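Novice: Handing you this structure, nothing more for now.
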There are 2 protein chains.
Amino acid sequence: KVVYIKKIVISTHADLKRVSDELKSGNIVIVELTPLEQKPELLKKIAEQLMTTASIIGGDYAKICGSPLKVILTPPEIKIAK
Amino acid sequence: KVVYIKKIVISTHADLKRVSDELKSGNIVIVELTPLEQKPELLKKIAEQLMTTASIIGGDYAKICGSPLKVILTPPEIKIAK
């Protein structure tokens with residue numbers, strides 16, 4: 001089957017379900033966290049929720065740019081090799 | 001089947017086949033081009049070869065960080081949505 005790489009900008013709290021929904025569909029998500037770059041504690045909270053999102057779903061998590069600040073989340077079928 | 005996201009740092013010319021080989025296997029490749037960041041014309045040549053690599057294989061291509069300079073290449077089964 002075909003998998004998509006989708007991008008999502010996290011600004012509001014609703015954007016977190018959007019991410020979850022995509023991973024559930026089997027897609028990869030590049031998450032851009034720029035709106036939160038100047039709110040360290042909130043950034044920390046959101047980042048934590050994103051890692052949880054990946055783990056619960058069986059997928060992976062990793063930072064991919066520092067600027068813009070971006071993390072990548074994968075569905076269980078796709079692994080971040082090391 | 002399981003797909004992997006692999007990272008490859010392009011320094012030498014040999015590293016381009018490594019990338020090709022991974023895409024052929026069905027994997028996604030994050031390519032880091034930092035060794036070439038200070039060699040604009042060479043960077044342009046390599047970037048062109050990478051786009052060709054993706055197209056020939058039926059896959060996708062896109063920049064993902066500015067620093068480090070990174071592009072992502074996908075195999076045919078995985079598309080960069082828009």
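Novice: Among residues other than B:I80 whose Cβ falls under 15 Å from its Cβ, what is the net charge (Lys/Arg +1, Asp/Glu -1)? Walk me through the numbers before you get to the answer.
Specialist: On the way: positive: A:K6, A:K7, A:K70, B:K63, B:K70, B:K79, B:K82; negative: A:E22, A:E32, B:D60, B:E77.
Net charge in that neighbourhood comes out at +3.
Novice: Can you order the peptides A:51-57, A:75-81 by their average number of other Cβ atoms within 10 Å per residue, highest first? Write down the numbers at each step before the final one.
Specialist: Values: A:51-57: 15.3, A:75-81: 17.3.
Order by mean packing, descending: A:75-81, A:51-57.
Novice: Sort B:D21, B:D15 so that the residue with the fewest other Cβ atoms within 10 Å of its own Cβ comes first and the one with the most comes last.
Specialist: Details: B:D21 13, B:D15 16.
The order, fewest Cβ neighbours first, is B:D21, B:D15.
Novice: Continuing with this model, one more query. Run through the DSSP bridge list for chain B and note the antiparallel percent, rounded to the nearest 5.
Specialist: On the way: 10 of 15 bridges.
Given both bridge residues lie in chain B, the antiparallel proportion sits at roughly 65 percent.
Novice: Across the residues of A:63-70, average count of Cβ atoms on other protein chains within 10 Å? Each step should come with its number before you reach the end.
Specialist: On the way: counts 1, 8, 8, 4, 3, 3, 1, 3.
Across the residues of A:63-70, the mean count of other-chain Cβ atoms within 10 Å is 4.
Novice: For the protein assembly as shown, what class follows from the C-alpha gyration tensor (a ≥ b ≥ c being the square roots of its eigenvalues): rounded when a/c is under 1.5, otherwise prolate if a/b is larger than b/c, else oblate? Walk me through the numbers before you get to the answer.
Specialist: Numbers: a/c = 2.27, a/b = 1.42, b/c = 1.60.
It is oblate, given that a/c is not under 1.5 and a/b is not larger than b/c.
Novice: As I understand it, the value is the acute angle between the Cα axis of helix B:40-56 and the longest principal axis of the Cα atoms of chain B; what does it come to in degrees, rounded to 10?
Specialist: 10 degrees
Novice: Can you give the angle from 0 to 90° between the axis of helix A:15-24 and the longest principal axis of chain A, with both taken from C-alpha atoms, to the nearest 10?
Specialist: Around 10 degrees separate the two axes.
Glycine also receives a Cβ, built like all others from the backbone with ideal geometry; neighbour counts cover every protein chain displayed. Computed from the coordinates by the stated procedures, all read-outs in this text should not be read as laboratory data.
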